[PDB]
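Listed below, chain by chain, are the residues.
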Amino acid sequence: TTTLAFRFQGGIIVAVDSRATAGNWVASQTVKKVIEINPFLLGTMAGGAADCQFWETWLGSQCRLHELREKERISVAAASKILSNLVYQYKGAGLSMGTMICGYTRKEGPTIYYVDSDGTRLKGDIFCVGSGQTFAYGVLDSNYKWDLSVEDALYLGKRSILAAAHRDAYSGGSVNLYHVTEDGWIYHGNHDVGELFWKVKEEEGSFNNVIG
Amino acid sequence: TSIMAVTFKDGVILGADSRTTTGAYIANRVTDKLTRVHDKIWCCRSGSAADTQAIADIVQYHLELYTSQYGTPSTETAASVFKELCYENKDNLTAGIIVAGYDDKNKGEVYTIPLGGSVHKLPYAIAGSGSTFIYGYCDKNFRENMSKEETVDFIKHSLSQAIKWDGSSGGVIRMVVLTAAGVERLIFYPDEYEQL
Amino acid sequence: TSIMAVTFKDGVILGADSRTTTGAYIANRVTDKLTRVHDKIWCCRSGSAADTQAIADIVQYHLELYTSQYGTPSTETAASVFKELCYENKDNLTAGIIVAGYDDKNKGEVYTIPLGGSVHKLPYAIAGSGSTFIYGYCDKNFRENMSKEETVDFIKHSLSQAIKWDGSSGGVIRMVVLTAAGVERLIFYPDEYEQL
Amino acid sequence: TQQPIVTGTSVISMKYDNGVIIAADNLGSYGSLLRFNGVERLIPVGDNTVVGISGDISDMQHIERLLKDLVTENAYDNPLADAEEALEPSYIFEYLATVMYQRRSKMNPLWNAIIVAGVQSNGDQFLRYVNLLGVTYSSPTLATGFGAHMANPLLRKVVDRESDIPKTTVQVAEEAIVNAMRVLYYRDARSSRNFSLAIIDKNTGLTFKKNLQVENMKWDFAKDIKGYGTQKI
Amino acid sequence: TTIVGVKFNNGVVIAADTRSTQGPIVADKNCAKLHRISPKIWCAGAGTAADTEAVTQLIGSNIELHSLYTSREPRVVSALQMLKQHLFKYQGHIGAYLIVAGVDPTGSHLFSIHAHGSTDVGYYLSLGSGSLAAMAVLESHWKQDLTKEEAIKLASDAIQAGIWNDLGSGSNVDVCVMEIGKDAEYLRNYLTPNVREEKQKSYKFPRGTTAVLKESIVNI
Amino acid sequence: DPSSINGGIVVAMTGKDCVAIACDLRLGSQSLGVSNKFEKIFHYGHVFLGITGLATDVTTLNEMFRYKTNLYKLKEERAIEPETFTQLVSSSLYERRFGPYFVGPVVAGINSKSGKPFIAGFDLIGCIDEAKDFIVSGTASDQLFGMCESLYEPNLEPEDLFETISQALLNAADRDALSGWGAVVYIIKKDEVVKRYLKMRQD
Amino acid sequence: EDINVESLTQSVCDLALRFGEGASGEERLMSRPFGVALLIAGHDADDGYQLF
Amino acid sequence: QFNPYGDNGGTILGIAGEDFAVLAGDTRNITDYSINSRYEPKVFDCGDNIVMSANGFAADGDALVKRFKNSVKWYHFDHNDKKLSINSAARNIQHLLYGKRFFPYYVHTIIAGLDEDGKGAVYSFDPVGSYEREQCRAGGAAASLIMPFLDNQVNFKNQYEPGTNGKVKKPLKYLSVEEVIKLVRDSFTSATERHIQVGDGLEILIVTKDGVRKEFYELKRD
Amino acid sequence: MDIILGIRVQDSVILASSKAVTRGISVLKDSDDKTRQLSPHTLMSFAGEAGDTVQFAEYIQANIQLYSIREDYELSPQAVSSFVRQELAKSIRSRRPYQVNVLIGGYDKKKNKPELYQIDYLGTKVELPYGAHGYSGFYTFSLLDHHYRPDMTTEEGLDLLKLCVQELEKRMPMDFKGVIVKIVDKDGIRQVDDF
Amino acid sequence: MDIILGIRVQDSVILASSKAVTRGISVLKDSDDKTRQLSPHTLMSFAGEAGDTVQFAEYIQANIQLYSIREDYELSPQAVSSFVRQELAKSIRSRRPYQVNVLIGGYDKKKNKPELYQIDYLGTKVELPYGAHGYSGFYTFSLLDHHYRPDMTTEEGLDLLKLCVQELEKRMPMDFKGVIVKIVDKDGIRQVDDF
Ligand SMILES: CC(C)C[C@@H](C=O)NC(=O)[C@H](CC(C)C)NC(=O)[C@H](CC(C)C)NC(=O)OCc1ccccc1
Ligand SMILES: [Mg+2]
Ligand SMILES: [Mg+2]
Ligand SMILES: [Mg+2]
Ligand SMILES: [Mg+2]
Ligand SMILES: [Mg+2]
Ligand SMILES: [Mg+2]
Ligand SMILES: [Mg+2]
Ligand SMILES: [Mg+2]
């Protein structure tokens, strides 16, 4: 798995792969690794499939309840802290989650929290998480820029998950793209690596390690 | 340890060696492994001495309570109580116990309760480290309905041989006789049983 | 396995069960554990079947070589050769072997060689998993200088009881008789020995 | 139970046209010591069920008592306990299966393999297996432990598929069972020659045969087997 | 694997199933487990397949040299001693388990042999994962003085027991018949009771279905 | 275990007067893909050998077999046949019985004299899979078995055999994290050998 | 899925019972009944617009 | 040391059609090298046009199916016999499984049925509750053999239109129930050939608007 | 751990190797050159077990120089890398294996081409446009998969390495104390002082 | 691993804490502030097990603020450090111990003195002129044993920390991504942006 979120001038890009594995068996290539908690808040899933799907879905419930109770959407900080507080209660039980909680409120602005099953919660401008995180980093970091156009950012995110899908045995499938702004998230599609890789190799003239 | 109990024509006889070891050290050379839990219901002990003493103690308590409330408990009932304690606490006991009793209807009875807490009614039973060596001997020499004297001899011969081969057995041979006439304690010394 | 060898008035008799197991599976129900290494020198095998076959084979070779060079080897000499192989390779054998022979001077002889390779000359010897159960029986029933028939009976009774109690023993009872008159093979079936 | 001490080996069983047969030897082993020889491991529940048990004998005795208790309880305020509202094999099974899976799941198994045999009220044969893991299955033949390996292949030659069942008589099934018992005695080091057999028949009811002995054995040829390779005498 | 051996009034019969397994997978559905040590001495193996085949070849080669050297027909007991001594020397680490059968100038013979070097002799034997199922048949139907045709039937029934009841075994029955006074009679696929049914369709692809990046001729 | 560190697969199939053999292109170190061009199929005269497993042994065995077959050709004055090479591979492997090469070799070829298609497989110590419809090997061997038993039928023309062995390899590979990243396919007849590089997923 | 409106209503009433025995046998949660009532309004796919 | 888990082999197979779904399993049940039964069904009609198989450790599988069927019973009690929709069944099965996250049912769950638009549905679960809706899925012993085959034949993966230089995919197409059964039968005969834990019998449950129907096919018994 | 990188461009091969030497909680040295020249147009960088790396590299160097003198001819990069591979394959199954991974940059004066070989301690060898040993490949491979072109000048290769090293200083957990960069081309081997 | 340093000078206590957060072969963050303010004149820095450090520090902070509000009075550094110590001593023998080491810098407004407390996860507490957690003490303690004077100004304390951090960047094996420095004195707590 490879997941990434980053803040830039035009808000937040979120990008994930869609591969799930058991040992060296490719179990699926169509897994949805982003959860849409509400129209302003996204979660990403890395680590244990069940651990992630279950707890982020539950986090969604806690967020809604907060909204019913306080008559306002929960903040990114507080939503990520619900998840962090929960996993920490289980610390040592063997949960396996590397997650990002991403979104917008007026108070905070575009906001990203890294949250894992160790209890680690971090605010930040850039995170890559998963078995393919280093491959995403190497590409994303090299070409990252605060003043990327929205288009260039969407592409850089896509290109970074693509780099990870290629090199990490355990990443692949397709790329799922999101942009988050002050008006919330917007979906930018599912991009099968099967056709994406070749298209990018041609357009870009990259991936020269490969026989074409 | 070498313990046995043998039904016969008039009741039942319990026998045991008197050796308790820790390592190769004989911590007690005159142990009394023949333990009373009711008037004419007794038991033979093998295994952990802490465990078998602790078990017999609690069984004696249960049968005392039984007696004041319900009347005389049967030999079977005593075996039931032992079994319940041995089976339920199987993961934390090392106890190999023979329960033996007299009553006017059945005369003598014998119930062996091996490690694990199962229970088996038998015309006779042998147990303890030393019994392995006398399986063949006891099988070939036991008859139903022996006299008291024939039965004493069988046990004397049996336990003498088990003591001969088993390092964990030795000392004196103890016997308890349960009949209508009451409870009789016997003892035999090495210089007697070692010549048989 | 239940193996024994018994000196008597006219020579020596070897006996064995016929069961070989791997796990609880009886891989061979008619094994022949009575193995010849010279005319009137034989052995009983217990332990690893690979080990005891391999040992007996090499001992047969040594005694064949002995015979062509030096003349008839003694029973003692055969026991010596076994011992040397069992002791020197103790860290890589599981062999419990009884060596038994006839000659005109000593008549019957028996040497047991337990795990580790020590050697013990004895008027009779029992061995194998099943022997534990017949220590007391054999001690009480063995006499020196029995007749052939009395000796066959002793072994039949002995091994029958060992087979009765030992899961690692069973099948038929095999016997080999070594005397001046030569070498005789006997067999007894479950329906005979199980009634004794 | 964390590990078995006193144990019973194979229970074996098969369906035939009008009922079921089940058998188990009378031995309680103690490691490699053949310790107890009159241990009944077939447990009739009412007139329609026989529960055969292998494994830890202490646990078997505990299950026996659970079964007697069922019989007792079922009769309370039950005017038809000997009739319409008697225990069905299927009720006895479901209960045991529930108990075995519960104990597995508390990490404290009843260390047994069990076959439940009987006839349901509509006349249907009942034959189903449960063990210390809570694993359950039915088949025209069932056998536990060692018997699964040698009795099953023998018994399946008789009832190989469901359609063989109505073609199979008690007489034929019983012969198959007994032969398998002889074979187990030949090759299972923890078997005994003495065994019990029960038939449950939709017409004749329960027939419980105690003290059978393995008979008609071949040992003859053993006289001719000498050495282990080259030895001729 | 299921292998058996059955003596009859005038020779010996050997038989095997034909399934070889990489774990729970079947690599070869029609494998050959009946090996020749010499023209009239044949063996069937279970255990580690490479060891079973290698040790077969080693002894076969040596038995042949021995036979040429001594100008004598190879004897089953010679294969026996050579094999067990070799296996013992290797202390079990050559995981060969074999039933060896044959006829020679001294008569007809049947032996089993295990990885540690121990050997048995009898009138009927079985080895491999399916040996308990096979042995149940042998123990039910063997009798002294079998004819050739009866020993073939019995051995073949025994392999079947393993084929049907042992997951370790399957597919076909192979037999070899070694009769005194005759050429060994090797019957490959004596029984073939497990043919795949016809598939529901052909999965032939239209030509050009598969994408190619580049193509070239190779020169041998 | 050593046989799954580098990843990769090989499959060979028989057809009518042809054989085919195929492999992926991956060389990785656990989850890290490293080489996009590591072929696993070699040839000595008209005999083809594919090898999966530990890459260093793949390379070593190749050199060992080029060495052995070259000497064979010199001494025998003719090139080695697939049947003979098969035995050679077996005994070379067995020679290392107790310290084996961690490999799963596969042989394919057409006997120059019978004109008969031949394939075989081996376990890591030389046991021969005499099977003659298809042979599979590598970290996706389960997948390959499944694909072959499904797609295969006997006496395919070379053009059809090409589609079959391609789809078997491609679909098996895409369900394996340690295989893929490209492929090559050889279609082998008496007078012609065609090598092709397949287009596949790059994840 | 969405909770059906009647279910929700039934759920609030079950809580209301908790000055005594629960609908599933629970022990009491409070020492007196509530002194308030509710009009519950909603929509679901099974019974459309409902008022309880 | 008590091991609470076992492996009973078996293989299962779910494929969704446009207006139907299919859930197939073999009927063989195993322990190590032995056959416990040649016919012990493991695909179950749970009501509401929902069929289910929990494959692996059969004791956990049975327990899980039992708990789920019970879950339906109570759903009906609580909601006046309201149909439990398949997506709702799936989310519920997620919770049953994750409830035992620290002592899991050692099984692979598949369920099949129709969605709220009457289209075939398959859902696949890992032992602790992770799930997705899929078009096809194999589970259990021979899944690693059968799944790539389904990828290729149900979803036309790696097939291109000829003459297009491998640039135009073979377009996705809904298969009929006839064509699906053919694929199911061939998958299993193939699994039976190469996997020792597969054989004896093939049971297929077919779900449509009109209900659940069953077909049975023999598989080789070795 | 040690960074060992290689990029093969149009006219040269470029090797970059970290300067740190670290034991326990002490950086012992920040100027360590992790290469030996095997011949005038062949350079080998190395990472791995303490002691093994220098012992192995010098053994190879000694042997290569010996061949140079005996034949009065410089073996090709292809020939040298194969000798190194074989030595490692013998090693891995010997009584004491060298735990050394290597990169070999060479300029083939006959083929007039740069070649770059990655060989690990098992004897796994592969020729690559770019290579790396250790954890560094987890960042550099994807980066170069994006940025590397086949037509590139030496200067571009250098820029490519500036990108890699910048990333490793950003994301690698250990302070590897910079790199020494060496260029292997038709004129031989030189170190880029201004890196 | 995490650098956590403290120097107590004449008129203030100064805390320095590394900015890196590292998991596996990834530096996740280079700007992480490893402190919570417990009260206006008391600061606590922290190192240790993932999750435990923030969970512990915030729990303490919440409790300290609660006391501030309940009593309308700010507990002394001595009182706060003792509460922290006790909480750790209870921790170490509880079912799940916090694996957290801490430094507490505080200005006692009553005694008009800076105080610095080093407390590890066992509940070991000591007051020191300078302190450190982790491997850093292996270099800083001897350095300050040489350079530290009791009479020093805040600025001198700062120079002292420049010396420590310079040494750790030289000799520590991991890239800890610099430090954030905070000064606790009579006017409260402030961060030195120009460090
Ligand atoms: C959101 C995830 C799908 C992200 C993805 C990678 O990060 N994770 C995964 O792919 C992980 C593997 C990874 C932890 C090494 N896989 C998983 O989490 C899979 C679920 C799929 C196979 C459907 N579950 C699993 O691996 O086995 C769980 C288990 C639990 C108890 C007993 C037996 C088996
Ligand atoms: Mg004594
Ligand atoms: Mg016996
Ligand atoms: Mg494989
Ligand atoms: Mg792949
Ligand atoms: Mg990938
Ligand atoms: Mg619904
Ligand atoms: Mg099969
Ligand atoms: Mg089979």
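Residues numbered from 1 in each chain as written, not as in the entry; some residues may be left out. Chains lettered and ligands numbered in written order. Part of a larger assembly, values for the part shown. Heavy atoms only, no water.

> Even after reading the chapter, I still don't get the overall build of chain H, so can you show me in this structure?
Counting its regular elements, chain H contains four helices and twelve strands. Reported as C-alpha extents along the three principal axes, the dimensions of chain H are approximately 60 × 45 × 30 Å. Buried positions account for 66% of the 222 residues belonging to chain H. Within chain H, contacts between residues separated by at least 24 positions form 61% of all contacts whose residues are at least 6 apart in sequence. Surface accessibility of chain H: about 8,200 Å² in total, with carbon and sulfur atoms responsible for 51%. Averaging the locations of the 28 positively and 30 negatively charged side chains of chain H gives two centres separated by 2 Å. (Helix = DSSP H or I, 4+ residues; strand = E, 2+ residues; numbered from the N terminus. Buried < 20%, exposed > 50% of the residue type's maximum accessible area, 1.4 Å probe, protein only. Contact = heavy atoms within 4.5 Å. Areas by Shrake-Rupley, 256 points an atom, 1.4 Å probe, with all protein chains shown as cover. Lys, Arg positive; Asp, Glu negative; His and termini not counted. Charge placed at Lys NZ, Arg CZ, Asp CG, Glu CD.)

> Help me understand the sheet that holds strand 7 (residues 100–108) of chain J, please; the structure alone is not making it clear to me.
Hydrogen bonds along the backbone pair up the strands of a sheet, which may run parallel or antiparallel. Residue and element names in this part refer to chain J. If you trace the five strands from one edge of the open sheet to the other, you get 5-6-7-8-9, paired in antiparallel fashion. Either end of the sheet is taken by a strand with one partner, and the two such strands are strand 5 (35–39) and strand 9 (125–127). Put simply, the sheet's adjacent strands are angled 20° from each other on average, direction ignored. Two strands pair when backbone bridges link them, and strand 7 and strand 8 (residues 113–119) are joined in this way by seven bridges, in the antiparallel orientation. Paired with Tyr107 across the bridge in strand 8 is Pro114. On the sheet, helix 1 (residues 52–71) packs against strand 5, strand 6 (42–48) and strand 7 and is oriented at approximately 15° with respect to strand 5. (Pairing = 2+ DSSP bridges. Axes fitted to C-alpha atoms, helices over the stretch in contact; angles between N-to-C directions.)

> Can you walk me through the coordination of the magnesium ion (ligand 8) in this structure?
Perfect tetrahedral coordination of a metal by four donors corresponds to 109.5 degrees between them, and perfect octahedral coordination by six donors corresponds to 90 or 180 degrees. Residue and element names in this part refer to chain H. In this structure, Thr192 (O), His195 (O) and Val198 (O) serve as the protein donors to the magnesium ion (ligand 8), at separations of 2.6 to 2.7 Å. On the primary sequence, the residues serving as donors to the magnesium ion (ligand 8) are separated as T-x2-H-x2-V. Across the pair, exposure class does not vary: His195 and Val198 are buried alike. (Donors = N, O, S within 2.8 Å, 3.2 Å for Na, K, Ca; no water.)

> Just to check I follow, could you spell out the UniProt feature "active site" in chain E for this structure?
Residues and elements named next belong to chain E. Per the UniProt record, "active site" is found at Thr1. The residue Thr1 is located in the segment before strand 1 (3–8) in this model. Excluding residues within four positions of it along the chain, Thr1 makes contact with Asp17, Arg19, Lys33, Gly45, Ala46, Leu127, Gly128, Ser129, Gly130, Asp166, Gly168 and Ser169. (UniProt positions renumbered as here; feature names shortened; annotations may be inferred.)

> Help me understand the relation of the copies chain I and chain J in this model?
One copy of the chain maps onto the other through a rotation about an axis followed by a shift along the same axis. With an RMSD of 0.0 Å, the operation that places chain I on chain J is a rotation of 180° combined with a shift of 0.0 Å along the axis. Expressed as an axis order, the relation between the two copies is that of a two-fold axis. The rotation axis passes nearest to the C-alpha of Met174 of chain I in chain I, at a distance of 2.0 Å. In this assembly, 100% of the residues forming the interface of chain I have copies in chain J that are likewise at the interface, indicating an isologous arrangement. (Least-squares fit on C-alpha atoms.)

> Just to check I follow, could you spell out the pairing of strand 5 (residues 41–44) of chain F for this structure?
Strand residues, when the strand is regular, have side chains that alternate between the two faces of the sheet. Bridge analysis of strand 5 of chain F against strand 6 (residues 47–53) of chain F gives four bridges, and the strand direction is antiparallel. By the bridge assignment for strand 6 of chain F, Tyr44 of chain F is matched with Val47 of chain F.

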